[PDB]
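Here we start with a single chain on its own, the form deposited in one PDB entry, put down as structure tokens.
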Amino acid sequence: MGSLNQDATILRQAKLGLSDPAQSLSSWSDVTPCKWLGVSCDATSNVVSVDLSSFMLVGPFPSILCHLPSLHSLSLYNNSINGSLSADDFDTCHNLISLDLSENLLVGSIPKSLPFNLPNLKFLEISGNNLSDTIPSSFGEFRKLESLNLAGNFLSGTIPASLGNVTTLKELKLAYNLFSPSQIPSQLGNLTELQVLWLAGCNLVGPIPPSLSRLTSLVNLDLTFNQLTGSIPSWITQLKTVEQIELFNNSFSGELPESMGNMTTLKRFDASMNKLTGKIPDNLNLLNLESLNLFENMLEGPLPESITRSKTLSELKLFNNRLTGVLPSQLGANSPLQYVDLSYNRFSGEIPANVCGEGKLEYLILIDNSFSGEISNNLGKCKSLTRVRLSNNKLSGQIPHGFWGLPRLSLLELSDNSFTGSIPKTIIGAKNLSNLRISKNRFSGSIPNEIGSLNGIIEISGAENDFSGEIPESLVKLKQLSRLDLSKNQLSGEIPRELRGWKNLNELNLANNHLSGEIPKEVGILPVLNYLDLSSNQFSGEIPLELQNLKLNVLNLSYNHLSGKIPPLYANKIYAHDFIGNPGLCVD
């Protein structure tokens, strides 16, 4: 009765200083306090823990809760706790083990007296607020603290060296603050129990200090978005339990350490956006590897064959390097490969047949290589694929019949290869297709009528091929179509007179075909057309006067069989190059 009375009173007093518009604390306003929402008691009915996470509470920090004599845990995570923290706010909180104030609206400085008022803390989080001034040097005085998270605030100055005394620390998160340009303090090497060090976006400069080799329990090292320099130290290779190394977007140079391949515990490695030179290490036995990212470096050599030992590898992005040679034939066969971007390298040889072996492959990006040969029929059955960019390679042969109608395929970019054949009527199946980009190839046959059913399509770019027959009347009823480029082909016939469906059409480019008849009147009514190229055709008759409604970047009706008079808007001599090569055409 007594410790229930005391505690119910303390909790209700706390509640009256907060505002609760979602009515999260209705259960506080007949029943025992130990069964109220967010409230936990020990066996003698004393409140031990108060967890109000995600309760939409608004108001100052309810320091009255610290008057609860057995309170060890307080969470106000993800609320709208506002104002600043006073010294006095934690006067009575000396029993607390856990304090979580992350995701609120706190402003002002962290109190310097906090460690004196909170001597027993193990877990302190104030992540994602608007805190400012410096991290107090007095933080070195915590004798028990295991996890410190001040990530995502506006804290200034430099990371205090005194933090190195807090040798009970297993996690230190200071990422995403406004520190002055400075080095990683050497004293942080004292924190030999650290498993997580997250100093991303902390304006760090210089090398990773040598003293951090003493952090042999690191599981996660994350130093992304700094200007760190020097080698990636090879002692990361002899971390027995390392799972994640994140170094994206620094100025690291030299080579990846050669011994990397023996890091069996490693799940994720990212050293992208650096100045790394040399090769990818070989004799890789990276068994637990899920993700490797080395994009935007100056790496050279092959992708080693021993990457196929990584049977859980799902993400591989090495784009924007100087990588050479042929890729492992067995790549993907025994991996759940999901995202693969090897663009802008100097790879050669064929694309592995079983790259989508386990059916998980979504992105296959290989822009700007020298890949050769044909696309496997296995890829043509890879229904997981959403994004496919194979442009600017040495590829040839015919595309698999199933490859044009994969359900989730959004981008099919094949341009600037030697691909042959006709586009099959199985393209009807590609219900999510936005962008077809097949310029500069050697395709032939008709453009299928089935394309018109794909209501998503915004782009049909198939310039410089050998397409023939008429343009399907289907293509008019594609409300979302933006760009139609079928220039430099063998297309014959006319344009449909009815074009009101093309509300979003911006570019229409049909130059260098065998097209005929008059230019439809409704081209001038099209509300967002800026590009119109119908030159090098056999278009005859009078130029419609409705084209004067348009503001065009490009207007080219040259080298046709046109007749009559040029519309008066385009009468001036600067437009004259747009109409040359037409027998029966003059200016007034």
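Definition used throughout: the rigid core is the maximal C-alpha set that superposes within 1.5 Å between two forms. Sequential numbering from 1, following the sequence displayed.
The same protein also has a form deposited in another entry, omitted here; what follows describes it.
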Entry of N504, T277, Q338, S396 that shows, once the rigid core is matched between the shown form and the other one, a C-alpha shift of 2 Å or more: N504
Is_shifted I64 between the shown form and the other one (CA, 2 Å cut-off, rigid core): no
If we fit on the core, is the Cα of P209 displaced 2 Å or more between the shown form and the other one? no
Superposing on the rigid core, is the Cα displacement of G325 between the shown form and the other one 2 Å or more? no
